[PDB]
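> Got a structure for you, start-v9.txt, holding compact mmCIF, C-alpha atoms.
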# COMPACT_ATOMS: atom_id res chain seq x y z
CA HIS P 1 99.42 -93.47 116.24
CA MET P 2 101.22 -91.09 118.68
CA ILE P 3 102.17 -87.84 116.98
CA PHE P 4 105.56 -86.28 117.65
CA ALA P 5 108.01 -83.80 116.16
CA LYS P 6 111.78 -83.32 116.62
CA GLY P 7 113.22 -79.82 116.69
CA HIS P 8 116.01 -77.64 118.06
CA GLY P 9 116.83 -73.98 118.64
CA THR P 10 120.39 -72.69 118.95
CA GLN P 11 121.66 -75.81 120.73
CA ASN P 12 118.94 -77.61 122.72
CA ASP P 13 116.83 -80.24 121.01
CA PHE P 14 113.26 -81.18 121.89
CA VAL P 15 110.65 -83.83 121.23
CA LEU P 16 107.23 -82.22 120.87
CA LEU P 17 104.06 -84.13 121.70
CA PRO P 18 100.79 -82.55 120.58
CA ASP P 19 98.23 -83.31 123.28
CA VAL P 20 95.66 -80.52 123.33
CA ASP P 21 93.47 -82.24 125.93
CA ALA P 22 96.47 -83.54 127.98
CA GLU P 23 95.47 -87.19 127.60
CA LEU P 24 99.06 -88.44 127.55
CA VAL P 25 100.51 -89.62 130.86
CA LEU P 26 104.05 -88.23 130.97
CA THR P 27 105.76 -90.45 133.57
CA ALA P 28 109.41 -89.75 134.40
CA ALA P 29 110.33 -93.09 132.81
CA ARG P 30 108.46 -92.26 129.56
CA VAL P 31 110.21 -88.91 129.27
CA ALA P 32 113.59 -90.52 129.98
CA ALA P 33 113.09 -93.26 127.37
CA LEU P 34 111.92 -90.72 124.83
CA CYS P 35 114.99 -88.52 125.53
CA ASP P 36 117.48 -91.40 125.43
CA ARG P 37 119.54 -90.96 122.29
CA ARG P 38 119.76 -94.73 121.68
CA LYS P 39 116.62 -96.23 123.22
CA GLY P 40 114.21 -93.50 122.21
CA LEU P 41 114.49 -90.50 119.99
CA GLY P 42 117.03 -88.35 121.86
CA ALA P 43 116.33 -84.87 123.23
CA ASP P 44 117.27 -82.45 125.98
CA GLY P 45 113.60 -82.30 126.93
CA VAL P 46 109.99 -83.06 126.03
CA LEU P 47 107.52 -80.31 125.18
CA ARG P 48 103.93 -81.47 125.55
CA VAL P 49 101.60 -79.08 123.69
CA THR P 50 98.41 -78.49 125.65
CA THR P 51 96.41 -75.64 127.21
CA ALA P 52 96.81 -74.33 130.77
CA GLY P 53 93.30 -75.41 131.75
CA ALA P 54 93.77 -78.94 130.44
CA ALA P 55 97.10 -79.16 132.31
CA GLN P 56 95.49 -77.99 135.54
CA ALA P 57 92.58 -80.44 135.09
CA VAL P 58 94.85 -83.43 134.62
CA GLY P 59 97.12 -82.59 137.59
CA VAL P 60 100.20 -81.24 135.76
CA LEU P 61 99.54 -77.71 137.01
CA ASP P 62 98.26 -76.83 140.49
CA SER P 63 97.06 -73.25 140.12
CA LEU P 64 97.70 -70.97 137.15
CA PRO P 65 100.87 -68.88 136.96
CA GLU P 66 100.05 -65.15 137.14
CA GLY P 67 99.16 -63.98 133.63
CA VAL P 68 98.34 -67.39 132.21
CA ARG P 69 94.73 -67.93 131.27
CA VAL P 70 92.95 -71.27 131.45
CA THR P 71 92.60 -70.99 127.63
CA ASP P 72 96.28 -70.25 126.88
CA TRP P 73 98.54 -72.55 124.93
CA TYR P 74 100.73 -74.22 127.53
CA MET P 75 104.25 -75.54 127.07
CA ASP P 76 104.41 -78.48 129.48
CA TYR P 77 108.20 -78.75 129.54
CA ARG P 78 110.00 -81.80 131.01
CA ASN P 79 113.74 -82.28 131.39
CA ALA P 80 115.18 -85.65 130.27
CA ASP P 81 115.39 -86.67 133.95
CA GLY P 82 111.57 -86.37 134.32
CA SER P 83 112.02 -83.03 136.16
CA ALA P 84 110.08 -79.81 135.26
CA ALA P 85 111.13 -76.60 133.41
CA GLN P 86 114.27 -75.25 135.13
CA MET P 87 114.43 -71.42 135.00
CA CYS P 88 116.12 -70.93 131.56
CA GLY P 89 112.97 -70.05 129.58
CA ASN P 90 113.99 -72.61 126.97
CA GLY P 91 111.65 -74.41 124.56
CA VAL P 92 109.41 -71.47 123.66
CA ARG P 93 110.77 -70.73 120.16
CA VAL P 94 110.61 -74.35 119.01
CA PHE P 95 107.23 -74.68 120.70
CA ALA P 96 105.87 -71.58 118.91
CA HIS P 97 107.37 -72.77 115.61
CA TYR P 98 105.57 -76.09 116.08
CA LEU P 99 102.24 -74.37 116.81
CA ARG P 100 102.47 -72.35 113.55
CA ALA P 101 103.81 -75.04 111.21
CA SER P 102 101.32 -77.68 112.40
CA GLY P 103 98.36 -75.34 111.99
CA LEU P 104 97.47 -75.47 115.68
CA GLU P 105 97.96 -71.72 115.58
CA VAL P 106 97.24 -69.47 112.60
CA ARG P 107 98.38 -66.11 114.00
CA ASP P 108 102.03 -65.01 114.05
CA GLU P 109 101.51 -63.24 117.39
CA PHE P 110 100.23 -65.21 120.37
CA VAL P 111 101.06 -66.07 123.98
CA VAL P 112 102.88 -69.23 125.08
CA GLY P 113 102.00 -70.19 128.65
CA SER P 114 104.65 -71.83 130.83
CA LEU P 115 105.29 -72.71 134.46
CA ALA P 116 107.31 -69.48 134.80
CA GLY P 117 104.54 -67.34 133.26
CA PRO P 118 103.21 -66.00 129.93
CA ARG P 119 105.60 -65.70 127.00
CA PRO P 120 104.26 -63.55 124.15
CA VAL P 121 105.83 -64.57 120.84
CA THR P 122 106.22 -63.12 117.37
CA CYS P 123 106.72 -65.43 114.42
CA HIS P 124 108.66 -63.51 111.83
CA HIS P 125 108.94 -66.15 109.15
CA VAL P 126 107.66 -69.69 109.44
CA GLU P 127 108.25 -72.60 107.11
CA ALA P 128 107.77 -76.30 107.88
CA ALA P 129 111.47 -76.75 108.73
CA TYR P 130 112.70 -73.25 109.74
CA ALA P 131 111.43 -70.28 111.71
CA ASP P 132 112.60 -66.95 113.16
CA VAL P 133 110.85 -66.33 116.52
CA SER P 134 110.91 -63.48 119.09
CA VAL P 135 110.12 -64.33 122.70
CA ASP P 136 109.07 -61.59 125.11
CA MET P 137 111.21 -62.81 128.05
CA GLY P 138 109.98 -60.24 130.59
CA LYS P 139 111.37 -57.30 132.55
CA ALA P 140 115.10 -57.50 133.28
CA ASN P 141 116.08 -55.81 136.55
CA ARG P 142 119.63 -54.55 137.08
CA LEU P 143 120.44 -54.96 140.79
CA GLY P 144 124.04 -54.08 141.75
CA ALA P 145 127.59 -55.40 141.37
CA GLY P 146 129.18 -58.71 142.42
CA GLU P 147 132.42 -60.71 142.10
CA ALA P 148 132.82 -64.25 140.70
CA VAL P 149 135.46 -66.70 139.37
CA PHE P 155 135.35 -61.67 137.29
CA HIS P 156 133.15 -58.71 138.22
CA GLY P 157 129.59 -58.41 136.98
CA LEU P 158 126.09 -57.13 137.42
CA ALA P 159 123.24 -58.93 139.16
CA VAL P 160 120.42 -59.09 136.62
CA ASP P 161 117.01 -60.48 137.52
CA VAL P 162 115.20 -62.08 134.56
CA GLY P 163 112.54 -64.08 136.44
CA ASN P 164 115.41 -65.73 138.32
CA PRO P 165 118.75 -64.42 139.70
CA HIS P 166 121.69 -63.95 137.29
CA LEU P 167 125.15 -62.41 137.56
CA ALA P 168 126.45 -61.47 134.11
CA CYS P 169 130.13 -60.51 133.99
CA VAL P 170 131.47 -58.35 131.17
CA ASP P 171 135.26 -58.52 130.88
CA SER P 172 137.01 -55.98 128.64
CA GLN P 173 140.21 -58.06 128.84
CA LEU P 174 138.47 -61.26 127.65
CA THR P 175 138.83 -62.58 124.11
CA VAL P 176 136.82 -65.18 122.19
CA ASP P 177 139.74 -67.63 122.67
CA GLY P 178 140.11 -66.79 126.39
CA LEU P 179 136.40 -67.58 126.77
CA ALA P 180 137.51 -71.16 126.11
CA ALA P 181 138.18 -71.43 129.86
CA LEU P 182 137.03 -74.28 132.13
CA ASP P 183 133.78 -72.93 133.61
CA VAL P 184 132.02 -76.26 134.06
CA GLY P 185 131.51 -77.16 137.76
CA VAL P 188 131.97 -71.23 140.72
CA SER P 189 132.37 -68.78 143.63
CA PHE P 190 129.84 -65.98 144.26
CA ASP P 191 128.70 -63.80 147.18
CA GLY P 192 126.09 -65.63 149.27
CA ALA P 193 124.59 -62.52 150.88
CA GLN P 194 123.90 -61.08 147.41
CA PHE P 195 122.38 -64.34 146.12
CA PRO P 196 120.99 -66.26 149.15
CA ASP P 197 119.18 -68.76 146.87
CA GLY P 198 121.98 -69.28 144.31
CA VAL P 199 122.69 -67.65 140.95
CA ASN P 200 123.27 -68.31 137.25
CA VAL P 201 126.68 -66.96 136.26
CA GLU P 202 127.29 -65.53 132.77
CA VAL P 203 130.76 -64.49 131.54
CA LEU P 204 131.13 -62.43 128.37
CA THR P 205 133.22 -60.20 126.10
CA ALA P 206 132.92 -56.41 125.84
CA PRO P 207 130.43 -55.13 123.21
CA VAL P 208 132.41 -54.85 119.97
CA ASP P 209 130.29 -53.65 117.02
CA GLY P 210 126.90 -54.59 118.52
CA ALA P 211 127.96 -58.15 119.38
CA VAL P 212 129.08 -60.20 122.40
CA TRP P 213 130.38 -63.73 123.13
CA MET P 214 129.22 -65.50 126.30
CA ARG P 215 129.08 -68.73 128.34
CA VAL P 216 126.72 -69.73 131.17
CA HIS P 217 127.07 -71.72 134.37
CA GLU P 218 123.49 -72.27 135.54
CA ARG P 219 122.81 -73.08 139.22
CA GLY P 220 123.23 -76.78 140.11
CA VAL P 221 123.04 -78.14 136.53
CA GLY P 222 126.62 -76.85 135.96
CA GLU P 223 127.82 -75.55 132.59
CA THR P 224 124.80 -76.65 130.52
CA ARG P 225 124.01 -75.80 126.87
CA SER P 226 122.21 -72.49 126.19
CA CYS P 227 120.26 -70.38 128.61
CA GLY P 228 117.47 -68.12 127.30
CA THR P 229 117.06 -65.86 130.33
CA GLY P 230 120.84 -65.94 130.93
CA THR P 231 121.42 -64.69 127.40
CA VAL P 232 119.06 -61.81 128.19
CA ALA P 233 120.99 -61.11 131.41
CA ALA P 234 124.26 -61.08 129.47
CA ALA P 235 123.08 -58.52 126.90
CA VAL P 236 121.56 -56.31 129.59
CA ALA P 237 124.89 -56.14 131.44
CA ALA P 238 126.77 -55.45 128.19
CA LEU P 239 124.43 -52.60 127.17
CA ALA P 240 124.70 -51.15 130.70
CA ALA P 241 128.52 -51.31 130.52
CA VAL P 242 128.34 -49.18 127.34
CA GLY P 243 126.01 -46.75 129.13
CA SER P 244 122.74 -47.97 127.56
CA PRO P 245 119.72 -48.98 129.64
CA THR P 246 118.11 -50.22 126.39
CA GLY P 247 119.25 -51.48 122.98
CA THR P 248 119.93 -54.47 120.75
CA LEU P 249 122.89 -56.88 120.91
CA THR P 250 123.70 -59.96 118.91
CA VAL P 251 124.87 -62.59 121.40
CA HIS P 252 127.16 -65.42 120.28
CA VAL P 253 126.41 -68.53 122.29
CA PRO P 254 127.54 -72.20 122.02
CA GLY P 255 125.68 -73.41 118.92
CA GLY P 256 125.14 -70.07 117.18
CA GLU P 257 123.85 -66.54 117.67
CA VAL P 258 120.69 -64.83 118.92
CA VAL P 259 119.57 -61.21 119.23
CA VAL P 260 118.44 -59.61 122.49
CA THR P 261 116.35 -56.43 122.60
CA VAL P 262 115.90 -54.57 125.87
CA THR P 263 113.18 -51.93 126.21
CA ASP P 264 111.91 -49.99 129.26
CA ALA P 265 109.05 -52.42 129.77
CA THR P 266 110.54 -55.81 128.86
CA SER P 267 113.17 -57.84 126.97
CA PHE P 268 113.02 -59.97 123.82
CA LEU P 269 115.08 -62.92 122.72
CA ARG P 270 115.04 -63.63 118.99
CA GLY P 271 116.61 -66.68 117.33
CA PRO P 272 116.20 -69.62 114.92
CA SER P 273 114.09 -72.74 115.33
CA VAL P 274 114.31 -75.92 113.25
CA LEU P 275 111.84 -78.80 112.94
CA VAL P 276 113.73 -81.81 111.61
CA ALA P 277 111.04 -84.50 111.64
CA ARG P 278 107.37 -85.27 112.19
CA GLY P 279 105.65 -88.62 112.65
CA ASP P 280 104.34 -91.34 114.92
CA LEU P 281 105.70 -93.07 117.98
CA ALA P 282 104.69 -96.72 118.01
CA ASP P 283 101.85 -97.12 120.55
CA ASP P 284 103.22 -100.44 121.85
CA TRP P 285 106.59 -98.82 122.43
CA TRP P 286 105.00 -95.93 124.38
CA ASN P 287 103.11 -98.37 126.63
CA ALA P 288 106.06 -100.62 127.48
CA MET P 289 108.18 -97.59 128.49
CA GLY P 290 107.40 -97.50 132.25
Translate the structure described by the file into structure tokens.

Amino acid sequence: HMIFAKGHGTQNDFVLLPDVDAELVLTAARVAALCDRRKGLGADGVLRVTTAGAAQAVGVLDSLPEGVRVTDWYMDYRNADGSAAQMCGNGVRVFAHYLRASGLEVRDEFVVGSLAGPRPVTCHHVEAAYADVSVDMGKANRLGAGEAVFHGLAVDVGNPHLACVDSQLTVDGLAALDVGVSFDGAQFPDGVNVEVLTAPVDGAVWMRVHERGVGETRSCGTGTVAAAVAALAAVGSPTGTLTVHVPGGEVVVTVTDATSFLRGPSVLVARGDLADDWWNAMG
């Protein structure tokens, strides 16, 4: 009698827990057991579906992020290791898809609240199992050049990035060992996500991320936005649309004057019930 769903976007997979009134107690141990591929259900993170006001009432949220109303849908995102929504902006597509398909939300256009702020979404097509969702990821700020190892552009998409377009990089060359590097500390005093990518060839780009601390880890929403921004800017365009090939598949970034949008697939594989006894005995 504990409702859940299992979904994924490009790469990352999520367990969704509908909990409008935030009655569930998401201990670190419960999240970890639920994310364990053998002992639980297996996921990169848990997305508890609630509202910002309910989250703030139950202690999950202290004060509201700027732009997030007490009545907003709220994606209470937890990493497998109990920890809370690292900067990526991940989870929003699958979250939005869940809202639509489960009938919690009837409109194709609505706002997803999150720790990092409001994320307006557009649901282009929605079926039970598949959806095509656009996330308004926010203003992307180009902020000057920097070296890495590569020479790129500091792009601010809620958090610092350094996306590096390399004309002399191929898709095969991009199979380089960029797990666990060097960047200028004065330019990024509080660390930086480092993207490395091919030159825009026919509206498309191939990239890989190395997010701060977590190492080379899966797909990065905001980092994908940073990558496309830097690629457009290298072709002389402050705004445009690029397909971005990322580990797991492809997504489409749109940059406007005001903001940026990330558009990609979402899949919901399963829906059902966690056993109540199992939930209790998990820490």
> Report the distance between CA of residue 170 in chain P and CA of residue 272 in chain P in Å, rounded to one decimal place.
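Computing it gives 25.0 Å between the two atoms.
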> Could you pull the residues within 12 Å of residue 37 in chain P, counting only C-alpha atoms, minus those fewer than 6 positions along the same chain, as a PyMOL selection string?
chain P and resi 13-15+31+43-45+80
> For each of P:119, P:217, P:142, P:166, take the minimum atom-to-atom distance to residue 69 in chain P, counting only C-alpha atoms, then give the residue where this is smallest.
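Under the stated criterion, the closest residue is P:119.
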> Closest to residue 143 in chain P among P:38, P:120, P:240, P:280, using all atoms listed in the file?
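Looking at the shortest contact to residue 143 in chain P, the residue is P:240.
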> Measure the distance from CA of residue 245 in chain P to CA of residue 258 in chain P in Å and round it to one decimal.
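Computing it gives 19.2 Å between the two atoms.
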> Using all atoms listed in the file, which of the listed residues (P:287, P:141, P:261, P:63) sits closest to residue 34 in chain P?
P:287
> For residue 108 in chain P, find every residue with an atom within 8 Å (counting only C-alpha atoms), except residues of its own chain fewer than 5 positions away, and show them as a PDB file with C-alpha atoms, keeping the file's coordinate frame.

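File written: result.pdb
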ATOM      1  CA  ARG P 100     102.470 -72.350 113.550  1.00  0.00           C
ATOM      2  CA  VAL P 121     105.830 -64.570 120.840  1.00  0.00           C
ATOM      3  CA  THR P 122     106.220 -63.120 117.370  1.00  0.00           C
ATOM      4  CA  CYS P 123     106.720 -65.430 114.420  1.00  0.00           C
ATOM      5  CA  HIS P 124     108.660 -63.510 111.830  1.00  0.00           C
TER       6      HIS P 124
END
> When you count only C-alpha atoms, which of these residues is closest to residue 132 in chain P: P:4, P:265, P:28, P:97?
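The closest residue to residue 132 in chain P is P:97.
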> Counting all atoms listed in the file, write as JSON, numbers by chain all protein and nucleic acid residues lying at most 9 Å from (108.7, -77.2, 108.7) in the file's frame.
{"P": [97, 98, 101, 102, 126, 127, 128, 129, 130, 131, 274, 275, 276, 277, 278]}
> Near range 54-59 of chain P, counting all atoms listed in the file, which residues have an atom at most 10 Å away, once you skip same-chain residues fewer than 5 positions from it, shown as an NGL selection string?
:P and (19-25 or 48-49 or 64 or 70-76)
> Have a look at CA of residue 145 in chain P and CA of residue 197 in chain P and let me know their distance in Å, one decimal.
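A separation of 16.7 Å between them.
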> Please determine, counting only C-alpha atoms, which residue among P:185, P:113, P:256, P:196 has the shortest atom-to-atom distance to residue 220 in chain P.
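Between P:185, P:113, P:256, P:196, the residue approaching residue 220 in chain P most closely is P:185.
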> Taking 6 positions as the minimum chain separation for residues in the same chain, which residues sit within 10 Å of residue 82 in chain P when counting all atoms listed in the file? Answer as an NGL selection string.
:P and (26-33 or 35 or 45-46)
> In the coordinate frame of the file, compute which residues have an atom within 9 Å of (124.3, -61.0, 138.3) when using only C-alpha atoms, and state them as a list in words.
residues 142, 143, 144, 145, 146, 147, 157, 158, 159, 160, 161, 165, 166, 167, 168, 169, 195, 199, 200, 201, 202, 233, 234 and 237 of chain P
> Could you write out that same residue set with C-alpha atoms as a PDB file, keeping the file's coordinate frame?

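The new file again_7.pdb reads:
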ATOM      1  CA  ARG P 142     119.630 -54.550 137.080  1.00  0.00           C
ATOM      2  CA  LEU P 143     120.440 -54.960 140.790  1.00  0.00           C
ATOM      3  CA  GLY P 144     124.040 -54.080 141.750  1.00  0.00           C
ATOM      4  CA  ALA P 145     127.590 -55.400 141.370  1.00  0.00           C
ATOM      5  CA  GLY P 146     129.180 -58.710 142.420  1.00  0.00           C
ATOM      6  CA  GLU P 147     132.420 -60.710 142.100  1.00  0.00           C
ATOM      7  CA  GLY P 157     129.590 -58.410 136.980  1.00  0.00           C
ATOM      8  CA  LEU P 158     126.090 -57.130 137.420  1.00  0.00           C
ATOM      9  CA  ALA P 159     123.240 -58.930 139.160  1.00  0.00           C
ATOM     10  CA  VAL P 160     120.420 -59.090 136.620  1.00  0.00           C
ATOM     11  CA  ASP P 161     117.010 -60.480 137.520  1.00  0.00           C
ATOM     12  CA  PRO P 165     118.750 -64.420 139.700  1.00  0.00           C
ATOM     13  CA  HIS P 166     121.690 -63.950 137.290  1.00  0.00           C
ATOM     14  CA  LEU P 167     125.150 -62.410 137.560  1.00  0.00           C
ATOM     15  CA  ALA P 168     126.450 -61.470 134.110  1.00  0.00           C
ATOM     16  CA  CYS P 169     130.130 -60.510 133.990  1.00  0.00           C
ATOM     17  CA  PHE P 195     122.380 -64.340 146.120  1.00  0.00           C
ATOM     18  CA  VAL P 199     122.690 -67.650 140.950  1.00  0.00           C
ATOM     19  CA  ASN P 200     123.270 -68.310 137.250  1.00  0.00           C
ATOM     20  CA  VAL P 201     126.680 -66.960 136.260  1.00  0.00           C
ATOM     21  CA  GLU P 202     127.290 -65.530 132.770  1.00  0.00           C
ATOM     22  CA  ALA P 233     120.990 -61.110 131.410  1.00  0.00           C
ATOM     23  CA  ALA P 234     124.260 -61.080 129.470  1.00  0.00           C
ATOM     24  CA  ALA P 237     124.890 -56.140 131.440  1.00  0.00           C
TER      25      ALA P 237
END
> Excluding residue 249 in chain P and its own-chain neighbours fewer than 4 positions away, which residues fall within 6 Å of it when counting all atoms listed in the file? Please give them as a PyMOL selection string.
chain P and resi 210-211+259-260
> Which one of P:8, P:270, P:78, P:139 sits closest to residue 60 in chain P if you count only C-alpha atoms?
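Once distances to residue 60 in chain P are computed over only C-alpha atoms, the minimum belongs to P:78.
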